[PDB]
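What follows is a set of notes on a single structure, which appears directly below.
Hydrogens, waters and symmetry mates are skipped; everything else that's a heavy atom, side chains included, is used. Letters A, B, ... mirror the listed sequences (proteins, then strands); counts begin at 1.
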Amino acid sequence: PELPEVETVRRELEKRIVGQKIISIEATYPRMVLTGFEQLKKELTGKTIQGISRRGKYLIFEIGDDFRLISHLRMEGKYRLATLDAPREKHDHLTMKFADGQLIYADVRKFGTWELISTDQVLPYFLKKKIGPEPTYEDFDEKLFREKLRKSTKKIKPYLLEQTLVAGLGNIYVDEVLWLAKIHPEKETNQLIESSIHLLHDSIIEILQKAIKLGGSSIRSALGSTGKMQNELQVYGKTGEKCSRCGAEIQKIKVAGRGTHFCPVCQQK
DNA sequence: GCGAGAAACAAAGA
DNA sequence: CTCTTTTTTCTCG
Ligand SMILES: [Zn+2]
């Protein structure tokens, strides 16, 4: 998932599991708990979920007064809320069991991660990750963004994917944003003029906020599967279809190892 | 520091 | 059968 999908999951979880006491925690794939599964089980069993936050693509469970469970879903991690008697599915790895149901984490590629840290360690954790600002008018300062772009010869797509200029874009929304802002994904950032940087800045915020409002892009039933943003995608996965602005065919290339969808007319090299 | 390429892993498709 | 394709963080040179 990307930021809008993780936000959607966060909202659904906030509505449903906040106030629940964790009765037990079980793992078939304990190795995805990076801080140690048996340790997490000992610390969190019997604790109550107080809240669910998000930073970039990271989900943050607030559990008891002092614990933060940082969850990253990577490529295809999925959470679902199930009855206590629900049958195991092949790629289920972890479950948090409550009195009346269970939260199950599944991940076909086993990329997703859980790390248990303390409340006062959350800010240092994200500073160490070098995550940039949230994609909002309030947090995402255009002036710093512009100065970072001016100083770099990186290509704009890979630089945006780093999470350091702004948090939350993955392959789908970065392609969508660059199409919206009329910028070629291989454009060296020090070549971008002030007005293009402005349009890029605003387009990042607009696309991600629209995606959130629409409940994410659900591509292929787990939490956040009721999204509608996929119906608004202009380029990602649209190879051979026509650009909605100009009518040229959307092309797909490879940029820094990633599949990259763009309009060659609207996004001049 | 940089960019290229690839691994962690599994499945699906050519 | 092989090769390619689908978030983060590493090694390599
Ligand atoms: Zn176009």
Side-chain angles (χ1 to χ4, degrees), chain A residues 1-10 27-30 32-37 54-60 70-79 89-94 104-115 117 125-129 131-132 134-135 148-149 152-178 184-191 204 208 211 216-219 222 224-225 227 230 233 235-240 250-262:
Chain A
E2 299 178 30
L3 179 158
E5 297 66 38
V6 178
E7 182 55 27
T8 303
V9 168
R10 184 208 76 72
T28 52
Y29 185 59
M32 68 162 286
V33 186
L34 304 189
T35 50
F37 173 69
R54 183 192 51 63
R55 181 73 174 93
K57 301 175 194 167
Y58 293 77
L59 250 193
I60 308 170
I70 310 289
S71 161
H72 198 292
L73 294 72
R74 293 286 190 105
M75 290 299 283
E76 24 193 304
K78 277 162 185 58
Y79 282 102
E89 294 180 5
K90 197 188 193 295
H91 302 298
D92 293 346
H93 302 316
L94 303 175
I104 299 165
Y105 184 74
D107 191 324
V108 172
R109 299 180 71 187
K110 298 182 157 81
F111 287 171
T113 59
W114 274 19
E115 286 168 286
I117 66 169
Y125 175 100
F126 289 112
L127 290 171
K128 189 181 179 167
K129 295 294 181 198
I131 305 313
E134 293 295 308
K148 288 194 181 186
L149 300 170
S152 182
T153 57
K154 283 179 189 172
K155 299 176 187 179
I156 182 64
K157 171 163 178 177
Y159 199 177
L160 287 171
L161 283 174
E162 284 184 19
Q163 306 303 289
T164 52
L165 297 165
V166 60
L169 300 160
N171 210 34
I172 299 177
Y173 295 116
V174 75
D175 278 4
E176 296 292 320
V177 147
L178 291 171
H184 194 275
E186 294 175 312
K187 186 71 160 171
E188 299 190 338
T189 67
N190 68 354
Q191 297 190 10
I204 289 160
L208 289 176
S217 293
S218 306
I219 291 149
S225 63
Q230 70 284 356
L233 300 176
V235 291
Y236 181 87
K238 301 311 182 176
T239 313
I250 303 311
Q251 304 285 166
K252 183 177 185 185
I253 60 169
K254 191 185 285 276
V255 174
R258 305 300 293 276
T260 302
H261 310 80
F262 73 108

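- A gap of 23 Å separates the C1' atoms of C:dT7 and B:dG1, to the nearest Å.
- A perpendicular orientation is assigned to the rings of A:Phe126 and A:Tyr58, their planes being inclined by more than 60° (bins at 30° and 60°).
- A side-chain donor-acceptor contact under 3.5 Å links A:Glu2 to the backbone of A:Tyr173.
- A heavy-atom distance below 4.5 Å is found between the side chains of A:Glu186 and A:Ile253.
- In this structure, A:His261 contributes its side chain and A:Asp175 its backbone to no donor-acceptor pair below 3.5 Å.
- With A:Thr189 contributing its side chain and A:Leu149 its backbone, the two residues share a donor-acceptor pair below 3.5 Å.
- For the pair A:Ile70/A:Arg55, no side-chain contact is recorded, criterion being any heavy-atom separation below 4.5 Å from C-beta on.
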Please list, for nucleotides 5-7 of chain B, all pairs of protein and nucleotide N/O atoms separated by less than 3.5 Å.
none

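- Here the side chains of A:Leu73 and A:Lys57 are not in contact, with every heavy-atom distance at 4.5 Å or above.
- Of the side-chain N and O atoms in A:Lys154, none sit less than 4.0 angstrom from OP1 or OP2 of B:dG3.
- Rounded to whole Å, the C1' atom of C:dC10 lies 16 Å from the corresponding atom of B:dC9.
- A straight line from NZ of A:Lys157 to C1' of B:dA4 spans 16 Å, rounded to a whole angstrom.
- The closest donor-acceptor contact from the side chain of A:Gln163 to the backbone of A:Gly168 lies under 3.5 Å.
- Rounded to an integer number of Å, the gap from CG of A:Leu34 to P of C:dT9 is 10 Å.
- Here the options are A:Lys155, A:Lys157, A:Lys154, the test is salt bridge (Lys or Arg N to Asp or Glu O under 4.0 Å), and the partner is A:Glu162; only A:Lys154 passes.
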Any protein N or O atoms within reach of nucleotides 4-8 of chain C? Criterion: under 3.5 Å, listing atom names and distances.
from: C:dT5; atom 1: OP2; to: A:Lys254; atom 2: NZ; distance (Å): 2.8
from: C:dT6; atom 1: OP1; to: A:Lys252; atom 2: NZ; distance (Å): 2.8
from: C:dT7; atom 1: OP1; to: A:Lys57; atom 2: NZ; distance (Å): 2.6
from: C:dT7; atom 1: OP2; to: A:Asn171; atom 2: N; distance (Å): 3.0
from: C:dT7; atom 1: OP2; to: A:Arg258; atom 2: NH2; distance (Å): 2.9
from: C:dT7; atom 1: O3'; to: A:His72; atom 2: NE2; distance (Å): 3.3
from: C:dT7; atom 1: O2; to: A:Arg74; atom 2: NH1; distance (Å): 2.9
from: C:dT8; atom 1: OP1; to: A:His72; atom 2: NE2; distance (Å): 2.8
from: C:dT8; atom 1: OP2; to: A:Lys57; atom 2: NZ; distance (Å): 3.0
from: C:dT8; atom 1: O4'; to: A:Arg74; atom 2: NH1; distance (Å): 3.4

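- Sugar pucker of C:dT7: south, since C1'-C2'-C3'-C4' comes out negative.
- For the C1' atom pair drawn from C:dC1 and B:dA8, the interatomic distance equals 25 Å after rounding to whole Å.
- Across the protein-nucleic acid pair, A:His91 atom NE2 and B:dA8 atom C1' stand 15 Å apart, rounded to whole Å.
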